Each structure stands twice: as C-alpha cells, then as structure tokens.
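[1] sequence below, structure please.
(chains A, B and C, ligands or ions: 2)
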Amino acid sequence: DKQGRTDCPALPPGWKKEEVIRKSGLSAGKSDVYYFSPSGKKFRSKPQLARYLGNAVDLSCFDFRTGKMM
DNA sequence: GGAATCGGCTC
DNA sequence: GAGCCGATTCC
Ligand SMILES: [Mn+2]
Ligand SMILES: [Mn+2]
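    Residues are numbered from 1 along each chain as shown, chains lettered A, B, ... in the order given. Ligands and ions are numbered 1, 2, ... in the order given. Shown next is the protein structure:
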C-alpha cells in the first residue's frame, strides 16, 4: 500500500519523490519523476522542484532523474 | 471547473 | 528523436 515514494537524502528531510515508468505504449522505457513538497503541493520535473526551492539550495549536483547527489 | 495522464512541438 | 509542458475528459 505504501511505496513507490522515497525520502530525499540531500534535500530537506520530508521531501518525497516518486518514479513512474510509462507502462502504456510499445515505446516503453520513458519515465517521469515527480516531487512532493511538505505543504502537499505536487511538482513534476527538476525545473518545478528547483523553482520551489528558489535560491535556498543548489541542485546542480542533484540528479532528479535518479534522485541522487554528486 | 479542476486534476491526472497522455500526446504534441521545438531544438 | 526525446523530453517537458499543455490540453482534454470525467465527475
Ligand atoms: Mn507553419
Ligand atoms: Mn470549443
């Protein structure tokens, strides 16, 4: 029941991110990453989460595709 | 009317 | 060609 979502290791504690893989269509392989803020607002793509953080944190070394920090 | 998912357009 | 954003449909 509870899964697919994961906590953010580098971003402030509480941030959750999910990864859905397009299961419909033969072109299977396309996947999208979604991020949820502590307020409950839903976002899609790094550009959306980055705008939410504003200039408080740098996600340059943060790869949303996988959700890891370099 | 809005939200989610899927499709289309541009570089 | 792929990725991201927007539109359409149902309740
Ligand atoms: Mn034309
Ligand atoms: Mn019309």
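[2] assign a three-state SS to whatever residue of chain A ends up closest to DNA strand B, would you?
    Ranked by C-beta to the nearest atom of the strand, the top residue of chain A for proximity to DNA strand B is residue A:24, at 4.0 Å. For every residue, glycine as well, the C-beta is placed using N, CA and C. The three-state label given to residue A:24 by DSSP: H, G, I helix; E, B strand; the rest coil is coil.
[3] can you report how many residues lie near it?
    By other C-beta atoms under 10 Å, 6 other residues sit near residue A:24.
[4] just the one 10 residues further on next, same as before
    Around residue A:34 there are 18 other residues, counting by other C-beta under 10 Å.
[5] you'd agree it is in a helix?
    No. Counting by three-state DSSP, residue A:34 is not found in a helix; it is strand.
[6] residues in contact with the residue of chain A closest to DNA strand B?
    Applying C-beta atoms under 8 Å, 6 or more residues apart in numbering to residue A:24 gives no contacts.
[7] near DNA strand C, which residues of chain A?
    A:27, A:30, A:32, A:44-48 (C-beta under 7 Å from any atom of the strand).
[8] now do the helices in chain A.
    Per DSSP state H, chain A carries helices over the ranges A:46-53.
[9] from residue A:30, how far off is the residue of chain A closest to DNA strand B?
    Shown here: residue A:24 relative to residue A:30, a distance of 10 Å by C-beta to C-beta, to the nearest Å.
[10] what residue in chain A is the furthest from its centre?
    residue A:26 (24.7 Å; C-alpha atoms, centre = their mean).
[11] next up, the contacts around the residue in chain A positioned nearest to DNA strand C.
    Proximity of chain A to DNA strand C (C-beta to the nearest atom of the strand) peaks at residue A:45, 3.5 Å away. Contact analysis of residue A:45 by C-beta under 8 Å, 6+ apart lists A:32-33, A:64.
[12] in a markdown table: the residues you listed, plus distance to residue A:20.
    Shown next, in a markdown table, are these (distance: C-beta to C-beta, whole Å):
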| residue | distance to residue A:20 |
| --- | --- |
| A:32 | 6 |
| A:33 | 8 |
| A:64 | 13 |
